[PDB]
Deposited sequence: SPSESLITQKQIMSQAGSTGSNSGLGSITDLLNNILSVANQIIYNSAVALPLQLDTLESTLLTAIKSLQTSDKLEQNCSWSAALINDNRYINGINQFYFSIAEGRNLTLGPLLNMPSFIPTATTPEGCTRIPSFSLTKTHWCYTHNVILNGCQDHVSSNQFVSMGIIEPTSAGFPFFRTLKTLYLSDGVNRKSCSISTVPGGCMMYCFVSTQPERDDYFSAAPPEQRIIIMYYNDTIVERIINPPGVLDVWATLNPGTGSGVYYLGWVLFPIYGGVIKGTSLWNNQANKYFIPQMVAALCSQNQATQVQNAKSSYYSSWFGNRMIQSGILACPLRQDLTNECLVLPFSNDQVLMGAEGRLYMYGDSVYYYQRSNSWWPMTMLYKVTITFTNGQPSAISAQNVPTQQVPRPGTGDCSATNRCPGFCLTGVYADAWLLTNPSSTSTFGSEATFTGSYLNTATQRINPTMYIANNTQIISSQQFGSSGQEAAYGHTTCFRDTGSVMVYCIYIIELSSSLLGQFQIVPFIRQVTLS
């Protein structure tokens, strides 16, 4: 179990609104990395997922032997203090799922006594998945600290003949009230109930108006069209949550809960968080709006089962991501787009602490500082409109990809540490080196 110094400093808003204004990033600190490196120049390690809870943490990433176009590495352990005062992620178990099953886009989550991981089995190019009317096989693997492993092929209702494809968001899932929730996304088939119930719905971030040159009627029209991709088999690209009861005999008990397209952007990879008793969702900006999308999620239970989800966006115009064409970091107008990168963000302040939800919110993470290239990885702290602290890693031109950020407090020294897991392009070993950067978020 995690050291006494951390058990009470996990999954919470660490600073008050007032303190958020005076936060700065400290130096990067050196700890033994718990994320394995490739041993060949061409080896590819990508798509990390990290979940940290009161008792322990779970980590996983995909490994491809030659180039990035597989096996899945899983790790679990605890956090303990070093003589220098900062954390050391102590690995207590390692697993390497290598058996011919092409598990991809995996999301992992901590569960009592272990880790639960959700993946889909890839057997063809992603685009092909959207055209085929049949969805890929879905699997959830439970790995207990006692070395028992139980993998199950799941068939949640409302998937067959509704979703042409379904993928985990790769971002971490969370254990909530006895259920394990994972972010999901995919393409929905035209004419289905889901498609019809979503017809004419769209979402436009609160701060777009002041930045978009188009008029309200034009924005609305374009936003509605941003949820359908002709390139991806003419499907409605949908975001949602997969709720699975913690059981070892899962078959069709997991539930697919899509977000209303009136509250969320075009479906994309994502991540789920827990701040106190509240669930939050991060949605990759793979559509027209290039800014960090975070939402407070309200989950409704009907007869002990998740029945519906509602999302409330934390309005911002900060931390853009690189994109292609008319959907770069400089875009501000609605339209159909299918480009971007995963770059989640951690809320250091409570958005509900303000009279108007998210009026003044502070968050931290990493982002690729450039308009269209996956370059210049930069760790930062920002509020709704400005970056109040940042530090680029490496020299300009340094290639990078996804970034997963997680923060926690050591209740002993009373300092907050954040880990920024970044896929870095390496010239020595492997295509990428996934690095768990760690530093302190200093108040002052």
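In this chain the deposited sequence has gaps in the coordinates at 1 to 84, 154 to 157, listed in sequence order.
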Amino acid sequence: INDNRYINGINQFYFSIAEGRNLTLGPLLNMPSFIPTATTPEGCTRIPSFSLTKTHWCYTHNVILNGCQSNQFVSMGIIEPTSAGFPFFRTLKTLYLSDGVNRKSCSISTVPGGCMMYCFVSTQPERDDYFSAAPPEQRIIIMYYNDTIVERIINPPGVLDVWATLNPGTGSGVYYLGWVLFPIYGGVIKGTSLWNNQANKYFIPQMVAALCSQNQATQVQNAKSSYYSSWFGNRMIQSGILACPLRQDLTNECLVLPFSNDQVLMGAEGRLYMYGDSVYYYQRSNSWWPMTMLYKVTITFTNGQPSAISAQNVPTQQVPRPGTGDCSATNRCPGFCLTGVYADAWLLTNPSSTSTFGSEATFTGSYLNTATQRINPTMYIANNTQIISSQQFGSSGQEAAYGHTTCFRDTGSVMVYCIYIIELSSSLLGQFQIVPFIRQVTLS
From here on, numbers count along this sequence of modelled residues.
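Per the PDB record, of the two stretches 399 to 407 and 37 to 45, 37 to 45 carries the greater mean B-factor over its C-alpha atoms.
Note on 365 to 373 vs 320 to 328: mean CA B-factor is higher in 320 to 328. Between the residues 110, 91, 138, 218, the entry's highest C-alpha temperature factor is the one at 218. The top Cα temperature factor in the record, among 129, 80, 344, 269, falls on 129. Among all modelled residues in this chain, the alpha-carbon of residue 240 has a temperature factor (C-alpha) in the lowest third. Per the PDB record, residue ranking by Cα B-factor puts residue 104 in the lowest third of the chain. Residue-level temperature factors show residue 60 in the lowest third of its chain, judged at the C-alpha atom. When the CA B factors of the chain's modelled residues are split into thirds, the value for residue 69 lands in the highest one.
Ranked by C-alpha B-factor against the other modelled residues of its chain, residue 440 falls in the middle third.
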